[PDB]
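Colleague: Line by line, the protein sequences are chains B and F. Per the deposited numbering, the very first residue in the first sequence carries number 572; after that it's consecutive. Per the deposited numbering, the very first residue in the second sequence carries number 291; after that it's consecutive. Idealized CB from N, CA, C, for every residue including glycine.
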Amino acid sequence: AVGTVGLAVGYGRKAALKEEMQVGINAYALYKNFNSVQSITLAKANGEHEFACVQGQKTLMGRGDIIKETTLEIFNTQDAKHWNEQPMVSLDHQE
Amino acid sequence: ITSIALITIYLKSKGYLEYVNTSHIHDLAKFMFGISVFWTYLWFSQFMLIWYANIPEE
Numbered sequence: 572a573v574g575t576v577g578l579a580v581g582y583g584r585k586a587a588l589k590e591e592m593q594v595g596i597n598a599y600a601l602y603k604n605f606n607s608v609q610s611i612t613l614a615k616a617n618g619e620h621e622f623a624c625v626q627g628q629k630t631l632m633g634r635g636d637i638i639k640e641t642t643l644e645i646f647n648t649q650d651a652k653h654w655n656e657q658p659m660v661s662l663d664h665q666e
Numbered sequence: 291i292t293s294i295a296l297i298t299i300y301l302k303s304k305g306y307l308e309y310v311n312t313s314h315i316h317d318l319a320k321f322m323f324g325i326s327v328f329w330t331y332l333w334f335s336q337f338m339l340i341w342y343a344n345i346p347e348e
């Protein structure tokens, strides 16, 4: 929202497993008095990290032909031609 | 090209052309032949590239 930070908890294990599986941060040490909300100070570090990211682009370019959405009152009051429209091709001066 | 050839044939048969012979005719005949094949080439490639992947628009 604003002034808050998300932190996943549960990765920093080191006993009885290979270094390929010893990946991530634990954060359970921050669960003081079993409370999930903690006050913090955030500072920028020095280096740069590489991520195994699956998806590249974050937004949709306005391509309404991928996820068509509408509203309930449109669904209820308008014809399908105005919310679920299929593409047309020209014939002898006809669609 | 064919209209050029036809006029020179006419004029030659009427006795109005000199220094014109079958080699001039031959050269025009093979010229128009080659380029008529070229026309066919363009015709087919336009047709086939639409027919092969018939995305309904166009």
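In whole angstroms, what separates the C-alpha of residue 273 of chain F from that of residue 320 of chain F?
Modeller: As shown, chain F starts at 291 and ends at 348. That puts residue 273 of chain F outside it, with no answer to give.
Colleague: If you pair each beta-carbon of the segment 573-580 of chain B with each one of the segment 595-602 of chain B, do three or more pairs fall below 8 Å?
Modeller: yes
Colleague: Which residues in the same chain as residue 292 of chain F place their Cβ atom closer than 6 Å to its Cβ, once the five residues preceding and following it in sequence are excluded?
Modeller: Scanning its chain for C-beta atoms nearer than 6 Å, with the 5 sequence neighbours on each side dropped, one finds around residue 292 of chain F the residues 322, in chain order.
Colleague: Taking only the alpha-carbon atoms, compute the straight-line gap between residue 329 of chain F and residue 341 of chain F and give it to the nearest angstrom.
Modeller: 19 Å
Colleague: In the DSSP assignment, find the alpha helix (DSSP H) that holds residue 336 of chain F and state where it starts and stops.
Modeller: 312-341
Colleague: Residue range of the alpha helix (DSSP H) that residue 300 of chain F falls in?
Modeller: 292-303
Colleague: Measure the alpha-carbon distance for residue 331 of chain F versus residue 652 of chain B and round it to whole angstroms.
Modeller: Cα to Cα, residue 331 of chain F sits roughly 44 Å from residue 652 of chain B.
Colleague: Which of the three DSSP states, helix, strand or coil, is assigned to residue 622 of chain B?
Modeller: coil
Colleague: My understanding is that residue 660 of chain B touches residue 347 of chain F, with C-beta atoms under 8 Å, so please give their C-beta distance in whole angstroms.
Modeller: 6 Å
Colleague: My understanding is that residue 609 of chain B touches residue 603 of chain B, with C-beta atoms under 8 Å, so please give their C-beta distance in whole angstroms.
Modeller: 7 Å
Colleague: Is DSSP giving residue 600 of chain B helix, strand or coil here?
Modeller: The answer is helix: DSSP assigns residue 600 of chain B an H, G or I state.
Colleague: Once you ignore the five residues that flank residue 585 of chain B on each side, which residues in its own chain have a CB closer than 7 Å to its CB?
Modeller: 593
Colleague: Where residue 654 of chain B and residue 646 of chain B are concerned, what is the direct C-alpha to C-alpha distance, given to the nearest angstrom?
Modeller: 7 Å
Colleague: Cα separation between residue 605 of chain B and residue 574 of chain B?
Modeller: The C-alpha of residue 574 of chain B is placed about 21 Å away from the C-alpha of residue 605 of chain B.
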